[PDB]
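Content type mmCIF, C-alpha atoms and all ligand atoms, from the file model22.cif:
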data_structure
loop_
_atom_site.label_atom_id
_atom_site.label_comp_id
_atom_site.auth_asym_id
_atom_site.auth_seq_id
_atom_site.Cartn_x
_atom_site.Cartn_y
_atom_site.Cartn_z
CA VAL A 3 6.80 12.78 -5.73
CA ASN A 4 5.67 9.43 -7.18
CA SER A 5 7.01 7.47 -10.13
CA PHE A 6 3.80 7.70 -12.26
CA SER A 7 4.98 7.77 -15.84
CA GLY A 8 3.42 7.78 -19.28
CA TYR A 9 0.19 9.54 -18.30
CA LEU A 10 -1.70 11.86 -20.65
CA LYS A 11 -2.80 15.11 -19.02
CA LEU A 12 -6.55 15.77 -19.07
CA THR A 13 -6.78 18.78 -16.74
CA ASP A 14 -4.74 20.54 -14.07
CA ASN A 15 -5.32 17.60 -11.70
CA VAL A 16 -6.51 14.60 -13.77
CA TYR A 17 -4.21 12.28 -15.71
CA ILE A 18 -4.98 9.10 -17.65
CA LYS A 19 -3.13 6.05 -18.97
CA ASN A 20 -4.02 2.83 -20.80
CA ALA A 21 -2.78 0.44 -18.11
CA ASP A 22 -3.85 -2.24 -15.68
CA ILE A 23 -4.36 -0.61 -12.28
CA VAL A 24 -2.72 -3.65 -10.65
CA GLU A 25 0.46 -3.19 -12.68
CA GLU A 26 0.50 0.55 -12.00
CA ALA A 27 0.05 -0.04 -8.29
CA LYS A 28 2.77 -2.71 -8.18
CA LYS A 29 5.22 -0.39 -9.96
CA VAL A 30 4.42 2.94 -8.24
CA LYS A 31 3.32 1.74 -4.79
CA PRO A 32 1.16 4.86 -4.39
CA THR A 33 -0.15 6.13 -1.08
CA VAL A 34 -3.73 5.43 -2.25
CA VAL A 35 -5.14 3.02 -4.80
CA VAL A 36 -8.90 3.24 -5.36
CA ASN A 37 -11.08 0.16 -5.66
CA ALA A 38 -14.43 0.26 -7.51
CA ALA A 39 -16.29 -1.62 -4.79
CA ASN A 40 -19.75 -2.86 -3.96
CA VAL A 41 -21.32 -2.09 -0.58
CA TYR A 42 -20.47 -5.58 0.75
CA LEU A 43 -16.79 -5.34 -0.22
CA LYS A 44 -17.23 -8.67 -2.07
CA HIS A 45 -14.32 -8.30 -4.55
CA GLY A 46 -15.39 -10.59 -7.35
CA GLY A 47 -14.34 -9.16 -10.73
CA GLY A 48 -13.04 -6.10 -12.58
CA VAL A 49 -10.79 -3.83 -10.56
CA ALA A 50 -11.80 -5.30 -7.21
CA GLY A 51 -11.24 -8.90 -8.20
CA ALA A 52 -7.90 -8.08 -9.82
CA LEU A 53 -6.64 -6.02 -6.86
CA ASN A 54 -7.75 -8.70 -4.43
CA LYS A 55 -6.08 -11.51 -6.41
CA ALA A 56 -2.85 -9.49 -6.48
CA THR A 57 -2.99 -9.39 -2.64
CA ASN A 58 -3.43 -13.19 -2.53
CA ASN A 59 -6.88 -12.63 -1.00
CA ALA A 60 -5.60 -10.50 1.91
CA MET A 61 -7.80 -7.60 0.75
CA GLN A 62 -10.89 -9.83 0.96
CA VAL A 63 -9.95 -11.20 4.40
CA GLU A 64 -9.49 -7.64 5.70
CA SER A 65 -12.74 -6.55 4.05
CA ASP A 66 -14.62 -9.39 5.74
CA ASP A 67 -13.46 -8.08 9.13
CA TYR A 68 -14.43 -4.53 8.15
CA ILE A 69 -17.97 -5.62 7.27
CA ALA A 70 -18.32 -7.76 10.41
CA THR A 71 -17.48 -4.70 12.53
CA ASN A 72 -19.14 -1.90 10.56
CA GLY A 73 -21.72 -3.32 8.16
CA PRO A 74 -22.06 -2.42 4.48
CA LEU A 75 -20.94 0.83 2.93
CA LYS A 76 -23.41 3.32 1.44
CA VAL A 77 -23.78 3.65 -2.33
CA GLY A 78 -21.59 6.68 -3.03
CA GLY A 79 -19.63 5.94 0.15
CA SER A 80 -16.16 4.66 0.91
CA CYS A 81 -13.76 3.32 3.49
CA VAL A 82 -9.97 3.38 3.84
CA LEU A 83 -8.31 -0.01 4.31
CA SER A 84 -4.79 -1.31 3.76
CA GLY A 85 -3.24 -1.36 0.31
CA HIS A 86 -1.32 -4.51 1.23
CA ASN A 87 1.51 -5.18 -1.24
CA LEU A 88 0.09 -2.71 -3.79
CA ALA A 89 -0.16 0.67 -2.00
CA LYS A 90 -0.14 2.15 1.49
CA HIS A 91 -3.95 2.34 1.51
CA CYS A 92 -6.86 1.19 -0.59
CA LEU A 93 -9.79 3.59 -0.76
CA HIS A 94 -12.80 1.36 -1.48
CA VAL A 95 -15.43 3.53 -3.21
CA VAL A 96 -18.93 2.40 -4.19
CA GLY A 97 -20.28 3.87 -7.41
CA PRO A 98 -23.96 3.32 -8.26
CA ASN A 99 -24.93 0.01 -9.83
CA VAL A 100 -26.94 1.58 -12.63
CA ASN A 101 -27.75 -1.85 -14.05
CA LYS A 102 -29.66 -2.62 -10.82
CA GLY A 103 -31.58 0.64 -10.73
CA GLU A 104 -29.31 2.73 -8.52
CA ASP A 105 -29.23 6.47 -9.21
CA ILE A 106 -26.43 7.58 -11.53
CA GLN A 107 -26.34 10.89 -9.62
CA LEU A 108 -24.61 9.02 -6.76
CA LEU A 109 -21.52 8.73 -8.97
CA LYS A 110 -20.72 12.34 -8.06
CA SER A 111 -20.95 11.50 -4.34
CA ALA A 112 -18.66 8.53 -4.97
CA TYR A 113 -15.98 10.68 -6.62
CA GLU A 114 -16.20 13.28 -3.82
CA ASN A 115 -14.45 10.74 -1.58
CA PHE A 116 -11.31 11.24 -3.69
CA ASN A 117 -11.05 14.84 -2.42
CA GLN A 118 -10.05 13.51 1.02
CA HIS A 119 -6.72 12.29 -0.46
CA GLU A 120 -3.99 14.41 -2.05
CA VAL A 121 -2.95 11.82 -4.68
CA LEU A 122 -4.76 8.72 -5.92
CA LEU A 123 -4.33 5.96 -8.49
CA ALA A 124 -7.90 5.13 -9.54
CA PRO A 125 -10.23 3.46 -12.03
CA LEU A 126 -13.38 4.82 -13.69
CA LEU A 127 -16.06 4.11 -11.11
CA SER A 128 -19.29 2.43 -12.26
CA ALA A 129 -18.02 2.19 -15.87
CA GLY A 130 -17.65 -1.60 -15.93
CA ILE A 131 -20.09 -4.16 -14.62
CA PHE A 132 -22.14 -1.42 -12.89
CA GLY A 133 -23.19 -0.11 -16.31
CA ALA A 134 -22.59 3.65 -16.26
CA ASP A 135 -21.49 5.21 -19.53
CA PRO A 136 -17.66 5.37 -19.31
CA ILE A 137 -17.37 8.87 -20.76
CA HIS A 138 -19.93 10.05 -18.21
CA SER A 139 -17.85 8.55 -15.39
CA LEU A 140 -14.76 10.34 -16.72
CA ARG A 141 -16.62 13.65 -17.00
CA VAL A 142 -17.97 13.33 -13.43
CA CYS A 143 -14.44 12.55 -12.22
CA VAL A 144 -13.03 15.64 -13.96
CA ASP A 145 -15.85 17.87 -12.69
CA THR A 146 -15.78 16.56 -9.10
CA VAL A 147 -12.25 15.58 -8.09
CA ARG A 148 -9.92 18.47 -7.20
CA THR A 149 -7.00 16.43 -5.83
CA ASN A 150 -4.46 14.70 -8.08
CA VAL A 151 -5.89 11.60 -9.71
CA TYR A 152 -4.08 9.18 -12.01
CA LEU A 153 -6.66 7.12 -13.90
CA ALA A 154 -5.70 3.64 -15.13
CA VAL A 155 -7.95 2.49 -18.01
CA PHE A 156 -7.40 -1.22 -18.73
CA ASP A 157 -9.27 -1.37 -22.04
CA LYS A 158 -7.32 0.02 -25.03
CA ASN A 159 -10.35 0.65 -27.22
CA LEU A 160 -12.06 2.49 -24.39
CA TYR A 161 -8.96 4.57 -23.62
CA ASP A 162 -8.61 5.62 -27.26
CA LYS A 163 -12.24 6.78 -27.30
CA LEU A 164 -12.07 8.59 -23.95
CA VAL A 165 -8.96 10.64 -24.78
CA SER A 166 -10.54 12.00 -27.96
CA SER A 167 -13.80 13.01 -26.30
CA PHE A 168 -14.63 16.44 -24.89
CA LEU A 169 -14.76 16.66 -21.10
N1 LIG A 201 -7.41 -4.28 -13.85
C1 LIG A 201 -8.03 -3.13 -14.28
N2 LIG A 201 -7.32 -2.01 -14.37
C2 LIG A 201 -7.91 -0.88 -14.76
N3 LIG A 201 -9.18 -0.71 -15.12
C3 LIG A 201 -9.87 -1.86 -15.04
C4 LIG A 201 -9.38 -3.09 -14.63
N4 LIG A 201 -10.40 -4.03 -14.65
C5 LIG A 201 -11.47 -3.36 -15.07
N5 LIG A 201 -11.19 -2.06 -15.33
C6 LIG A 201 -12.08 -0.99 -15.78
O1 LIG A 201 -12.50 -0.25 -14.58
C7 LIG A 201 -13.77 0.29 -14.83
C8 LIG A 201 -14.71 -0.11 -13.68
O2 LIG A 201 -15.12 -1.46 -13.89
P1 LIG A 201 -15.47 -2.43 -12.66
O3 LIG A 201 -14.23 -2.88 -11.97
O4 LIG A 201 -16.38 -3.46 -13.24
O5 LIG A 201 -16.22 -1.44 -11.62
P2 LIG A 201 -17.74 -0.92 -11.49
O6 LIG A 201 -17.66 0.26 -10.57
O7 LIG A 201 -18.36 -0.76 -12.83
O8 LIG A 201 -18.47 -2.14 -10.79
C9 LIG A 201 -18.19 -2.45 -9.42
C10 LIG A 201 -18.17 -3.95 -9.30
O9 LIG A 201 -17.03 -4.38 -9.97
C11 LIG A 201 -16.46 -5.50 -9.24
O10 LIG A 201 -17.03 -6.66 -9.61
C12 LIG A 201 -16.79 -5.04 -7.78
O11 LIG A 201 -16.59 -6.13 -6.84
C13 LIG A 201 -18.05 -4.45 -7.82
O12 LIG A 201 -19.15 -5.34 -7.47
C14 LIG A 201 -14.23 -0.17 -16.23
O13 LIG A 201 -14.03 0.87 -17.15
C15 LIG A 201 -13.29 -1.37 -16.47
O14 LIG A 201 -12.95 -1.59 -17.85
#
Could you write out this structure as structure tokens?
Amino acid sequence: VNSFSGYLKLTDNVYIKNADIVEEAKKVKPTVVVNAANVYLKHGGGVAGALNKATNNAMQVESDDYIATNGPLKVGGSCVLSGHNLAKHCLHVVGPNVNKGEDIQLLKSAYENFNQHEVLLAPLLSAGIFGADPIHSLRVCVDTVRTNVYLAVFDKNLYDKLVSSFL
């Protein structure tokens, strides 16, 4: 049992809140926080940059070692690294960068990684700088993830739209 509070129920297993994922992670200290990564684990902005800053760059230092050993992730792929001061683990997941021509269908493959974890605190993959339609990312999440996922949506206007859209 985790201390997640104030979430709206979307489905049996998907919950959503208008919150900063960093603040949710700090408060709840979940087993798994999801990062919306790129294949290089170069955590520059959005969720990744905010998570990394909250770790005082430890996430990036760890990621640099991961890449030196293993090379880049696949689009749609993932790796499990430490959650540092935020969570036990961070699941770094790469959605497609639709703005750079990557196939939106890979967003389903990206969300499938969530099924390897019983409970996750997560963002909407690809819905920010990667350019996927946010409601589409939410619908793929709902239709793909079967484990318990707590979605933190930073943007108030976006949240208000998402929660009054069909799934
Ligand atoms: N602190 C936050 N808390 C919750 N949601 C957030 C936060 N910040 C942004 N969002 C929302 O989270 C959603 C995802 O936005 P993005 O983080 O851009 O992820 P992507 O998968 O599209 O792009 C990946 C790149 O982003 C990084 O630069 C990486 O290093 C990658 O290169 C949007 O709805 C945001 O409003």
> Residues within 8 Å of ligand LIG 201 (chain A) (only C-alpha atoms and all ligand atoms), as a PyMOL selection string?
Replying inline: chain A and resi 21-24+37-41+43-53+96-99+124-134+136+154-157+160
> Could you list as a PyMOL selection string every residue that has an atom within 8 Å of (3.4, -5.0, -2.6), using the file's coordinates and counting all atoms listed in the file?
Replying inline: chain A and resi 28+31+57+86-89
>> Residues near residue A:123, anyone? I mean within 7 Å using only C-alpha atoms, not counting same-chain ones fewer than 6 positions away, as a list in words.
In response: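 What passes the distance filter is residues 32, 34, 35, 36, 151, 152 and 153 of chain A.
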Need to verify the contact set: stretch 16-19 of chain A, 9 Å, only C-alpha atoms, exclusion of same-chain residues closer than 4 positions in sequence. Can you return it as a PDB file with C-alpha atoms, in the frame of the given file?
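So the final result, stored in selection.pdb, reads:
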ATOM      1  CA  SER A   7       4.980   7.770 -15.840  1.00  0.00           C
ATOM      2  CA  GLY A   8       3.420   7.780 -19.280  1.00  0.00           C
ATOM      3  CA  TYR A   9       0.190   9.540 -18.300  1.00  0.00           C
ATOM      4  CA  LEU A  10      -1.700  11.860 -20.650  1.00  0.00           C
ATOM      5  CA  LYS A  11      -2.800  15.110 -19.020  1.00  0.00           C
ATOM      6  CA  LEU A  12      -6.550  15.770 -19.070  1.00  0.00           C
ATOM      7  CA  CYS A 143     -14.440  12.550 -12.220  1.00  0.00           C
ATOM      8  CA  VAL A 144     -13.030  15.640 -13.960  1.00  0.00           C
ATOM      9  CA  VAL A 147     -12.250  15.580  -8.090  1.00  0.00           C
ATOM     10  CA  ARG A 148      -9.920  18.470  -7.200  1.00  0.00           C
ATOM     11  CA  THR A 149      -7.000  16.430  -5.830  1.00  0.00           C
ATOM     12  CA  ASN A 150      -4.460  14.700  -8.080  1.00  0.00           C
ATOM     13  CA  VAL A 151      -5.890  11.600  -9.710  1.00  0.00           C
ATOM     14  CA  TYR A 152      -4.080   9.180 -12.010  1.00  0.00           C
ATOM     15  CA  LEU A 153      -6.660   7.120 -13.900  1.00  0.00           C
ATOM     16  CA  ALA A 154      -5.700   3.640 -15.130  1.00  0.00           C
ATOM     17  CA  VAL A 155      -7.950   2.490 -18.010  1.00  0.00           C
ATOM     18  CA  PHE A 156      -7.400  -1.220 -18.730  1.00  0.00           C
ATOM     19  CA  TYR A 161      -8.960   4.570 -23.620  1.00  0.00           C
ATOM     20  CA  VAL A 165      -8.960  10.640 -24.780  1.00  0.00           C
TER      21      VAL A 165
END
>> Can you measure atom CA of residue A:95 to atom CA of residue A:75 for me? One decimal in Å is fine.
In response: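 Atom CA of residue A:75 lies at a distance of 8.7 Å from atom CA of residue A:95.
The space separating atom CA of residue A:69 from atom CA of residue A:114 comes to 22.0 Å.
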> Taking into account all atoms listed in the file, which residue in the set A:81, A:3, A:30, A:142 is nearest to residue A:106?
Replying inline: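 Between A:81, A:3, A:30, A:142, the residue approaching residue A:106 most closely is A:142.
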> What is the atom CA of residue A:109-atom CA of residue A:78 distance in Å, reported with one decimal?
Replying inline: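 It comes out at 6.3 Å.
Among A:115, A:33, A:59, A:13, the residue with the shortest atom-to-atom distance to residue A:79, counting all atoms listed in the file, is A:115.
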